[PDB]
Amino acid sequence: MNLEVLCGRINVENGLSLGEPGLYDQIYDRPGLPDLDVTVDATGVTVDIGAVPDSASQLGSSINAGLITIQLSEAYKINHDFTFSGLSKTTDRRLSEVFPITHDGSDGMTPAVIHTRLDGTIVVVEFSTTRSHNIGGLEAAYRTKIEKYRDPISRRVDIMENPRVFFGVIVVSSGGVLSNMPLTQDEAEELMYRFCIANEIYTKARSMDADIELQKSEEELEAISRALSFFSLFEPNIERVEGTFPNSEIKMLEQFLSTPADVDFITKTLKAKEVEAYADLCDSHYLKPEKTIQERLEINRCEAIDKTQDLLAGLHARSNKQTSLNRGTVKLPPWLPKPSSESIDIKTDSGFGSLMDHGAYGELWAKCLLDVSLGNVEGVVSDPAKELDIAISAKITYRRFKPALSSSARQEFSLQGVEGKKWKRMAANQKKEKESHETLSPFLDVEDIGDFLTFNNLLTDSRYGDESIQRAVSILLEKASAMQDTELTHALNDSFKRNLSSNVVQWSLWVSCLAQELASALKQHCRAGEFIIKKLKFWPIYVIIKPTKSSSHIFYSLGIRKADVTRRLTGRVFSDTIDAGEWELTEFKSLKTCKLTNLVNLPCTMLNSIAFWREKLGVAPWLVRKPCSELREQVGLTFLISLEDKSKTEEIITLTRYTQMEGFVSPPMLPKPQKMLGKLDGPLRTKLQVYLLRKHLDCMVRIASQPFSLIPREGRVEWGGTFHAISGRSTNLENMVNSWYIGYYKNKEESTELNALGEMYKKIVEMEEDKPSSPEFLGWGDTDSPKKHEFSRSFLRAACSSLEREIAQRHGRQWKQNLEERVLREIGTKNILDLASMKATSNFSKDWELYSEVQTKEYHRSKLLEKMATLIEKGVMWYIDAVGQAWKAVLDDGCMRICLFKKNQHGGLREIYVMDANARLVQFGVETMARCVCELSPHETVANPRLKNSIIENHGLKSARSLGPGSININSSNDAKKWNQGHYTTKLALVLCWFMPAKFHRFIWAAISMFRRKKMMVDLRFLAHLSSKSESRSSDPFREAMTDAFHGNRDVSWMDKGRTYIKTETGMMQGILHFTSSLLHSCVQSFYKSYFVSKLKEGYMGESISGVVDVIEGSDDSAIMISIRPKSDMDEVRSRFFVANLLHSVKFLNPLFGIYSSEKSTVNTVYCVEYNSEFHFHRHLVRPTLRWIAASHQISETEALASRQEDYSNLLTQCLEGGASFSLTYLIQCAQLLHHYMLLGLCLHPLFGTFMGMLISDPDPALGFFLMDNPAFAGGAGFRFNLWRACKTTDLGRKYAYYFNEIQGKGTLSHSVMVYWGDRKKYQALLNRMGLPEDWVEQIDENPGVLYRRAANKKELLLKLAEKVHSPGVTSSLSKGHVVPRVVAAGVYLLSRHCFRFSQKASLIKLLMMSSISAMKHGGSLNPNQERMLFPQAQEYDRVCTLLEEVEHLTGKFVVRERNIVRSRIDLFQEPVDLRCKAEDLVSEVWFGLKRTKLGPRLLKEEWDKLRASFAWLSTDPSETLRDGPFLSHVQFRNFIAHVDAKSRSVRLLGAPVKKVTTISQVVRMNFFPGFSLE
RNA sequence: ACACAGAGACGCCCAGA
RNA sequence: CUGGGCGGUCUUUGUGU
Ligand SMILES: O=c1ccn([C@@H]2O[C@H](COP(=O)(O)NP(=O)(O)OP(=O)(O)O)[C@@H](O)[C@H]2O)c(=O)[nH]1
Ligand SMILES: [Mg+2]
Ligand SMILES: [Mg+2]
C-alpha cells in the first residue's frame, strides 16, 4: 500500500540491521486476470487494462482500468515497473545525497527506494524481479542484489556518528516473494498479481516485437536455434510408426485435440458414480438401517473376525498342519562367555576321546582338537610376531585339517548342506529336501516367542565392564573426547558404556566377531573333507568352517568348553545345541554374503535400539533404571528381526502401518483394517512369522472393534488408545508410528536366488493378459464402466482443461509461449556429455533373441558413459544432434530393448527395467518436456520439492482466512495400485501433447509409441534351468504358463518359443515416464478439486457448504484436504456425511482415468494427513526417526580413510534431521565410532592394541582416528568442523602446520592415506576401451577455457570427458553391493600389510611410525593464511564454537513437554561474505570474457582486487598461474577455486517453533532431551 | 542351514585316473 | 578318483527428488 507504513513496522537497532529473508507463497484465492489488449507503435506500448473481476477476497483491487503507456526504452522493465508501480513512486535519490561523500566510484548509482522516516532514520529498499519458478532463482536474485548493495552501504555506515540504518531486498516471482521485511500476506499476494499482469503484458509485447527483449547471450541463441531447427526438420516417418507400434495412429491425437469433451456424458457418469459410491458406503459401513455407533462397530468386529478366520483356515489348509515344531528363531547359541586374553585353552580333563562318543559333531570336534594338539598352531589364531615383522619393515593363512569321518557323520553333515550336492540322491537327503518346501500352520504353538519378548535378560548388566574389548573402546572414546572434555560429555559416555555392558551387546560383540571371521573366510576354498579351525579373538569360542565359494553358502559349527560359559541369554528362541561331556557344540549352520551385514553390525544396531527406545520411553541417558516391559519388548523385537532377516518377516510388520492407519478413520465411516487381509496371505516358513501374523490379526480385530479416541485439549487435538501393533501394549502416538518401521532392521540388500526370479516375471505378465481386445477405450472413445488399462477420452480432456485453467490462473495467459521457449532452452543447451554416467545400460539386441546361439555366451550390462564416449568419438556434440539417430535406430529395430532385475527395497517386491542407449536418448527429451510442464503445476511435488510441505500448513491459513476459527479438517491420504503397469501410454502421450505447441507433437507421439512394443530380456541362467524341465509340477499356474510358452506347448502373446525375452504392450515401466505420469495425476487431482468445489457450492439441500479444498500429489501418491465450517449440530453431521461421500467417491472415479486406488489409502481422517511418509497429526509433524537410525551404518566403499568419517557424518546428520535429540545423536555417533574401529580390525587383527596405544600419540583422522562431535550439538555440524576444532586444540594442528610448511618450501592432507580396492583393475580396463588420449591434462593446461566453456569442437569434448572420467565420482562408482562384508574382510590384513598408499605402498603401522618419526620436528601452530585456505568457514566455525562453550555441565530441569512440533531451518554456517560473487565466475569472466556475473566493470575490478588479497599467488595470466602456484595442474586449480567458495550449511530440525546465535542456543537448550531444558 | 506356494544353491574350472 | 588353479571375481543394481 504505502511506502512508509511498510518501513514503519521495521525495527532498527544499533548500526546496520539486516535480518534474514522470509518466503511468502501463494495462499489466497486469486480472482480472474483482467483482459489486456496490447498495441505497439514507435512511440511506445499502449495496454488497455480491462475490468478486474470482483471477488470477496479484495485481492487485486490496486489494478485499475486504464490506457497507460510505457516508452520503448524501458520496455524491457515492465516486470520491474508494473510490479512495483505504487511502492517506489517517491522520486529518485542516490547514495551521496543521504550518505557521507566518500570519493569512490560508487557515487552515482541509486537504489530503488531510500526512505528517511521523517525523523532521522535511513531505511533503503531494493526491488528485484525474477522469472524463475523454482525457489533457487529467488534466492539467487536476493543474494545478487544484497551483495551489490551491501559493501558500499556498509562502507558509508562507518562515516556517520549514529548510523541507525536498515537495508532490505524484496524479490518478486510468479509464485513467491523473498523479502526480509515485515510484509503481510495481502501485500505479497498483490505483488504476485501485479507480477502476473506485468509478465503477461511483457510476453504479449515481446511476441510481436523483437527489440523489446535485451540481447541474450549467443550460447542461448544458438541453443534455441538448434532446438527449433531440430523440431522443425524432424520427420519421425509417422506411417512407419503406425505400421510398427500398435495403436499409434496420429488420428487419435488429432481427434483428442479437436473434439470437445462430451458434457452430458461427463455429468451422467458423475451422477452414476455418485450413486454407486453412496450405495457402497452404506453397504460397507452399515449406515442403513439407522443404528448408533456401538452396533455398527460390533458388526465391523464380527466381520473382521470372520475374515480373519477365513484367511487362517485357507492358510492352514495348504500347510503341513503340524501344531508343534522344534525350530529356533535364533540359529546362534545363547552363550555369553566372559571375554579373556589371546590364548588357546583346549585342556579337556576327560580327554578328547570322550568327545568321540557324542555323535557326528562330537566325532568331528574330537578329530579337530586331536589334529590341533598334534599339529601346527599357526592358523587357528593370527600370528602377532609375523605381522609385526612384516609391518615394521595378500597371502592368507588358515589352519586346515582333514578329518577321516565315517559315512554316518558325513550323512548327518550333508543333511545340513555340508557337501550336500554329492549326497543329493540319498533317501534321507531327498526326504529332507521334500520336507523343506512345506509351509507352517498358523495354529502352530509360538508362545515361547511371546514369553521371550515379554521376559528376557537382554538388558541385564553383564558385569564385563573391565574386559579388554570394552577397555579398548573406552580408551578410543576417551581419546576422542579429550578435545571436548566436559561433564555432559562424561555423562553421555558413561551412558554409552553402561549400554555397552548389557547382556545383548556383549552377545552381539562375539557374534559380530564370528561374522567378521566368516566374511574373511568367504574368499577361501577347501577340498572335500577339509575344514578350517579358527578361534575368536576375545572369546574362548572355536569355529569349524566349511567354505564352498564366495557366491554360495559358508558353513560353520561352534564349540565351547562348558566351564567357559559364564552366563547365557534366557529364552527358548535359540536353536538346540549339542551337549557333549565337557564341551557344548553347535550344529552346522550356513550364511551368505548378504546375511553377514546384519550380524557384523549387530552390536551397534542393538546399542542404537536401546538408546532410542529408552529415550522414547522418557528415561534420561544419565539415569539408571531397571528395564520395563515395553523397553524389553521393543529391544527383543529388534533383536529377533535383526537375527531373522527374511523378507516375509519384514513385510508382516511393515503392513501394520496401513493396518493401524485405519484407527484414525472418523464417522460416518468405520475403521476397515480387514482390507489388508489380501496382502497378508502367502507362505509361512518360520515360527516368528506365525507369531507376527497372529499378533497382526489381533491388532486388526482390536482396531476394527474400536477407533482411536479424538481428544480436544485446549486448542490442540490429541489421540488416545494408541498401541504397539505387535506387542499390543498401550503407548503414545510417537512410539506407535516408530514401531511401524521395526521391520526396516531387515537387510535391504538381500541376494536374489534364481528360485525367486520367476515371481518377479509374474509381476509383469499378469498385467499383459488383462489387455483389452479392442482399442476403442484406449484413447478413441468414451466409456462409463472402464475395464483394466481403459480410460475415458472426455474425462481425460476435462482433467487436462482443469489443469490448464489452474495453470493459466497461476502463471497467467500466454504461459504456453514461455513454456515453449524454456523447453527449447533446456533441450538446446544440454550436450551429450551430460548424459554420460556410471549407471548401467542394456546390451540386449537382436543377437540375443534366440536362446540357441546364446546358450553358451554370458550377458552383461555395460555403462552408459562408454556408449556416450563412442558417440563423442563420432563427433557428436549435442544431445539433440543424436536424438535423430537414436530414434531412427529404435524405429528400424521395431521395438524397445529392456533388461530386467530385482530391486533391493524395504517394501516388498518390485522389478527394475534398464533401457539401452537409444531408448534412453529418445526418452530423455520427453522426460525433460514433462518436467518443464510439471514445474508449472501449482500442486505437483516431484518437480517442486517445496510443495511437499507448504500446501499442508497453508491449508490451515486458507481455512482460517476463508471460514474463520472453528473449521473441521477432513483429509484423505491416497495410494495408487499398480501405477506403472496400469497406464496405457497413449493416454500419457495425449496428456503431454495437450500442454505443448503442435511443433513438439509429432516427436512426442513418436517417442512414446516405442513403449507399446517392449522386449524385456530375462535372465539366461533362469532359461538354462527352464530348458531342461519341459513339464512343470508346481501349484502356481504362472510356472506352467512360462514353461509351456518357452517350450511351445502353449501360445501366448508375451512369450514365443525358445526366446530370451518377454513382450509387453500395456503399461509403462518403473519411473521411465515419471514426470508424464505426474502430469496426468496432476490433471486428475485438478479435476477432483474443481468437482469437489462445485459439489460444495451446490450443497445437499440447496445451500452451499462453506469449504476450502486443497490437493497435493506426486507420482502416484496424493492427499486431499477439505476444511468445512458448520453452522450448527445437525448441519455438522450432514456436512461431514457429504464430505465423507465426496472422499469415498474418489475410489470410484479413479478408473475413468485409468488409475486404480490401492487398499493402502486412508480415507476420511479428521486433523490427520500423511503425504510422503510425513505424518501430520494436526499441529504435530511426526517423523519415523527409527527409520533413519536403523540405516546409520549403511556405509559405501571409500578409498580414502578420512572419507569413512564423512559418510558417518552424513548418516548422523540424516539421523538428526529425522527427529532425534542431540544426546541420542551423540550415542549414535558413539556406536558409529565402535563400528568404524571394528571395521579397522578391532576384532580381527592381533596388532590392534599396539595400533590403538600408538594411535593415541597421533590422533590423525587420515590414519584412522575417529573424531567425535560435541554432545550438546551432535550431528549439527559436519566432519570439517570437527577437523578444524581438532586442529585448534590437539597436536594435529602442529602436524598439519609442519606438513604445510614442508609443501610450501619445495582437509586436503586428510585424504593422503588411501587404499585401492582391487588395485583399480576394472577401472583401468574402463580406460582401455575408449581411446582417450593421455595428453589431456597438458592440453587443458594449454587451453584452460575448456574447463570454463560449454563446447567448441570434438577435441574439447574429449578433453572434458577425460577430465570427467578422472574424477572421484567415476572412481567411487564401481563398488558393488554388500559394502560392509567386503570392507571388513580387509580388516584382517589392513594394519600390518603393505596396501596403504601415501601422498610405493606401506602399512598403517608403517605410516604411523613414519608420522611419529616426523612428529619430533613439528613446530608452532597452524597459520592464519592456511586457517582460511583449508577451512574457508573457519571464522564462521568460530561463531558456533564459542556458542557451545556456555553449555558444558549437566544442569537443567524437566519441563512439561509442550507439543507444537514443526519443522524449521537453521543456518549454522552461512555463505562466506567478503566477495560478492563466486570465484568460479570471477576468474572465468576476466580470463575468457564470459558473462557469468551481473557486475559492471568497476564492480568486477573491485571483486578482482578483493580476490587478490587472500591467495596472493593469483595472477592475471594463466601461464603465470601455472608457473606461480603450488597447483601444477589446472585440474587441481579448478577444484581449488570451486571449493574455496565455501558452502552454506543449514540443518532441518524437528521441534518447537523457532522465532527468529539465538536460534542455535534455543535448539541446544531445548533439543538435548525431550521434555528437558538444559541450564 | 539358505532360497522357494517344490523354477535355485549346497562349489566352479582344468590335467591325469 | 589323484594332484592342482579360482576375487574389486559374476550375480549387481534403472528412472526421479
Ligand atoms: O524404487 C522405486 C519406487 C517407485 N518408483 C515409481 O513410483 C511408482 C509407484 O511405486 P510404489 O512403491 O507405490 N509401488 P506400485 O507400483 O504403485 O504398486 P503397490 O505396491 O501396490 O502400491 C512406481 O510405479 C514407479 O513409477 C520408481 O520408479 N522406483
Ligand atoms: Mg500415500
Ligand atoms: Mg502405489
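In the text below, chain A, chain B and the rest are named by the order of the sequence lines, each starting its count at 1.
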Looking at A:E650 and A:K746, what are the two nearest heavy atoms and their distance?
CB-CB, 3.9 Å
If you take all heavy atoms of A:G1114 and A:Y1171, which pair is closest and at what distance?
N-OH, 3.1 Å
Picking from [options], which would you name as closest to the side chain of [X]?
X	options	result
A:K421	C:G8, B:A9, B:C10	B:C10
A:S551	C:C10, B:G6, B:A7	C:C10
A:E750	B:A3, C:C10, C:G8	B:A3
A:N755	C:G8, B:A1, B:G8	B:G8
A:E433	B:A5, B:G6, B:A3	B:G6
A:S436	B:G6, B:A3, C:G8	B:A3
A:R685	B:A5, B:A1, B:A9	B:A5

Hey, which of these two, A:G314 or A:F588, hits RNA chain B nearer its 5' end, going by closest nucleotide?
A:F588
If you assign A:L315 and A:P547 each to the RNA chain B nucleotide with the nearest heavy atom, which residue ends up on the more 5' nucleotide?
A:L315
Within this structure, what is the [atom1]-[atom2] distance for the pair [X] and [Y], rounded to the nearest 0.5 Å?
X	Y	atom1	atom2	value
A:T841	A:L835	OG1	CG	11.0 Å
A:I545	A:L522	CD1	CG	9.5 Å
A:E412	A:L364	CD	CG	12.5 Å
A:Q430	A:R425	CD	CZ	8.0 Å
A:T1076	A:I1008	OG1	CD1	5.5 Å

Grab the [atom1]-[atom2] distance between [X] and [N] for me, whole Å please.
X	N	atom1	atom2	answer
A:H437	B:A1	NE2	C1'	14 Å
A:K331	B:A3	NZ	P	10 Å
A:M760	C:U11	CE	P	14 Å
A:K549	C:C10	NZ	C1'	9 Å
A:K648	B:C2	NZ	P	16 Å
A:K546	B:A9	NZ	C1'	16 Å
A:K592	B:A3	NZ	P	6 Å
A:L1374	C:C10	CG	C1'	15 Å

Side chains of A:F574 and A:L332 in contact at under 4.5 Å (non-hydrogen atoms)
no
Are any of the side-chain heavy atoms of A:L1079 and A:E940 separated by less than 4.5 Å?
no
Please give the nucleotide sitting opposite B:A1 as a Watson-Crick or G-U wobble pair, both distances under 3.5 Å, or none.
none
Tell me whether A:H1025 and B:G8 count as stacked here, given that the ring centres must be under 5.5 Å apart and the planes must differ by less than 30 degrees.
no
Stacking between C:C6 and A:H525, yes or no? Criterion: centroid separation under 5.5 angstrom, plane angle under 30 degrees.
yes
Mind checking the [atom1] distance from [N] to [M]? Whole angstroms is fine.
N	M	atom1	result
B:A7	B:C2	P	15 Å
C:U13	B:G6	P	29 Å
B:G8	C:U11	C1'	12 Å
B:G11	C:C10	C1'	14 Å
C:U17	C:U12	P	26 Å
B:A9	B:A3	P	16 Å

Could a donor-acceptor pair under 3.5 angstrom be found where the side chain of A:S550 meets the base of C:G7?
yes
Classify the sugar of C:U9 as north or south, using the sign of the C1'-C2'-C3'-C4' torsion: positive means north, negative means south.
north
With north meaning a positive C1'-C2'-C3'-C4' (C3'-endo side) and south a negative one (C2'-endo side), sort C:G14 into one of the two.
north
For RNA chain C, the dot-bracket notation using Watson-Crick and G-U wobble pairs below 3.5 Å, [ ] for pseudoknot-type crossings and | for other-strand pairs, is ||||||...........
If the threshold is 4.0 Å, N to carboxylate O, is there a salt bridge linking A:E750 and A:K595?
yes
Expected string for nucleotides 12-17 of chain C under the B/S/- scheme (protein heavy atoms, under 4.0 Å, primed atoms plus P, OP1, OP2 as sugar-phosphate) is BBBBSS
Are the ring centres of A:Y859 and A:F844 closer than 6.0 Å?
no
So what does [X] hit on the nucleic acid, given a heavy-atom distance under 4.0 Å: a base, only sugar-phosphate, or nothing?
X	result
A:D681	base
A:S552	sugar-phosphate
A:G1114	nothing

With the cut-offs of 5.5 Å between six-membered ring centres and 30° between planes, do C:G14 and C:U15 count as stacked?
yes
Assess A:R1320 against A:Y1323: is NZ or CZ under 6.0 Å from the centre of the six-membered ring, and within 45 degrees of the ring's axis?
no
Where does C:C10 land, syn or anti, once you apply the within-90°-of-0 test for syn?
syn
chi for B:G11 classified (syn = within 90 degrees of 0, anti otherwise) as anti
